[PDB]
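Remarks on the structure that follows.
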Amino acid sequence: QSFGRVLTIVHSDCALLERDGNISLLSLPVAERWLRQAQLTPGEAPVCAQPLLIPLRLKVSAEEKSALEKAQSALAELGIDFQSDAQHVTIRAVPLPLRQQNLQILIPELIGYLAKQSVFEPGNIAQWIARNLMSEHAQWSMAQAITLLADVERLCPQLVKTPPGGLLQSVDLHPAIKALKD
Amino acid sequence: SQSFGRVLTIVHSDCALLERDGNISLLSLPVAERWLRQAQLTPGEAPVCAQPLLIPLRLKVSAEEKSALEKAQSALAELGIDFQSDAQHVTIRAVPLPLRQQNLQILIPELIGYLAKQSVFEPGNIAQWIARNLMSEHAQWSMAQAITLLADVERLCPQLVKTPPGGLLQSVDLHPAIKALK
Ligand SMILES: [Cl-]
Ligand SMILES: [Cl-]
Ligand code: NA
């Protein structure tokens with residue numbers, strides 16, 4: 433299905449939508465998040481490690497290093513590969529959705545998150561990366577909102593069928609209609 | 432002076448069983464630690480000074496990160512975190528005493544990620560975020576460590592002792608046991 437037709441951008445990051453006479457307000461940041469999670473999750477989209485131009489070498493504490501080692505397998509399932517020596521880790525590849533992020537901030541952030549876990553699972557790591565570590569977004573445009581919803585419709589069919597309250601809300605016309613008649 | 436009571440024993444590697452005027456309680460040492468550090472980092476709740484690193488930490492930042500840092504510069508300086516910025520990078524020149532022995536190559540990027548998502552910047556709010564992201568103190572707490580921590584918390588956070596939140600301290604009900612003995 434579909435969220436409908438994008439009508440206009442509301443308050444820099446929402447999209448006013450129309451579907452069968454119904455008007456809705458959708459949060460683009462929330463939609464972007466669901467999209468990224470699906471694109472990063474093995475089993476919901478193609479996952480292929482992408483080589484870094486220049487590998488990112490980082491110093492890590494022993495507890496971080498140890499966390500990285502236990503997570504190696506989960507990370508590789510996400511397309512995140514690295515090698516490491518005594519005091520460092522060097523990121524050699526990341527999945528496509530991450531290739532254009534600022535990895536000098538994202539990876540150290542991922543490392544901090546990983547150093548706090550007891551269990552490592554690609555699914556939960558993808559979700560975390562999708563919600564917290566990714567590129568913030570400035571003013572949204574129509575072209576961007578249109579593209580986003582289309583991608584979300586394609587990869588997250590379920591969101592369409594049952595959109596949470598933080599994703600899309602009903603814009604009630606009854607008051608205006610009544611006010612026009614009355 | 433006012434206190435949480437007498438430390439009786441360590442429970443679950445990170446909690447402390449307390450006794451105060453006949454009442455028994457369980458206190459989360461990690462939570463107590465976070466309040467202590469939050470206090471040590473908050474201007475007005477404890478002394479704050481800027482200590483230079485012997486090796487400035489340079490980091491690449493996105494326009495959005497760059498911008499966020501710009502807006503938070505004053506609040507950060509109040510916390511003793513000083514930095515310089517050039518086109519694409521920022522260089523941390525100094526950090527408060529409680530952050531000297533941390534993994535800044537991980538913590539600063541996390542702080543930057545956190546700041547990039549804020550709209551309002553206040554030293555108090557930022558210090559709270561920092562205290563919650565410092566690497567967990569110990570792992571297996573000892574009696575001496577808990578006794579020392581609590582004495583410090585008592586002097587720097589007198590209000591916690593008066594109104595200990597439920598995340599910090601919980602009552603251990605002896606009534607069932609007393610009834611059972613009967
Ligand atoms: Cl537009
Ligand atoms: Cl447009
Ligand atoms: Na970021």
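Sequence order for the protein chains is H and C. Under full-length UniProt numbering, the first residue of the first sequence carries the number 433, and numbering increases by one thereafter. Under full-length UniProt numbering, the first residue of the second sequence carries the number 432, and numbering increases by one thereafter. We treat Cβ as the ideally placed atom computed from N, Cα and C, and that holds for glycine.
Closer than 7 Å to chain C by CB, residue i
| i | result |
| --- | --- |
| H/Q536 | yes |
| H/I557 | no |
| H/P529 | no |
| H/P540 | yes |
| H/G544 | yes |
Of the listed residues the options, nearest to residue i (C-alpha basis)
| i | options | result |
| --- | --- | --- |
| H/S550 | H/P595, H/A447, H/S498 and H/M574 | H/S498 |
| H/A547 | C/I543, C/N564 and C/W560 | C/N564 |
| C/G511 | C/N556, C/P589, C/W466 and C/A481 | C/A481 |
| C/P483 | C/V442, C/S432 and C/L535 | C/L535 |
| C/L488 | C/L538, C/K610 and C/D604 | C/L538 |
| C/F552 | C/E501, C/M566 and C/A570 | C/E501 |
| C/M566 | C/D583, C/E585, C/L530 and C/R586 | C/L530 |
| C/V584 | C/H443, C/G453 and C/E476 | C/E476 |
| H/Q533 | C/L485, C/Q532 and C/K491 | C/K491 |
Any C-beta of chain H under 7 Å from that of residue i
| i | result |
| --- | --- |
| C/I609 | no |
| C/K491 | yes |
| C/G453 | no |
| C/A582 | no |
| C/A570 | no |
| C/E495 | yes |
| C/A547 | yes |
Proximity of residue i and residue j at Cβ, strictly below 7 Å
| i | j | result |
| --- | --- | --- |
| H/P554 | H/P478 | no |
| C/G544 | H/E496 | no |
| C/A447 | C/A577 | yes |
| C/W572 | C/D445 | yes |
| C/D513 | C/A525 | yes |
| C/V603 | C/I455 | yes |
| C/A508 | C/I557 | no |
| C/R468 | C/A562 | yes |
| C/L580 | C/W466 | no |
| residue 616 of chain C | C/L458 | Missing from the structure shown is residue 616 of chain C; chain C here goes from 432 to 613 and no further. |
Residue-chain proximity (residue i, chain D), Cβ-Cβ < 7 Å
| i | result |
| --- | --- |
| H/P474 | The chain inventory of the structure shown lacks chain D, comprising the protein chains H and C. |
Distance cut-off 6 Å: residue i Cβ against heavy atoms of ligand 4
| i | result |
| --- | --- |
| H/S573 | No copy of ligand 4 appears in this structure; the ligands present are ligand 1, ligand 2 and ligand 3. |
Stretch-stretch touch, CB-based, cutoff 8 Å, three pairs: the segment 436-447 of chain H with the segment 520-531 of chain H = no
Taking three-plus beta-carbon pairs below 8 Å as touching, is the segment 599-607 of chain C in contact with the segment 444-464 of chain C?
-> yes
The segment 511-518 of chain H in contact with the segment 498-517 of chain C per 3-pair CB rule at 8 Å = no
Against chain C: residues of the segment 497-524 of chain H by CB proximity under 7 Å = none
Going along the segment 479-490 of chain H in order, which residues come within less than 8 Å of chain C, judged by CB to CB distance?
-> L490
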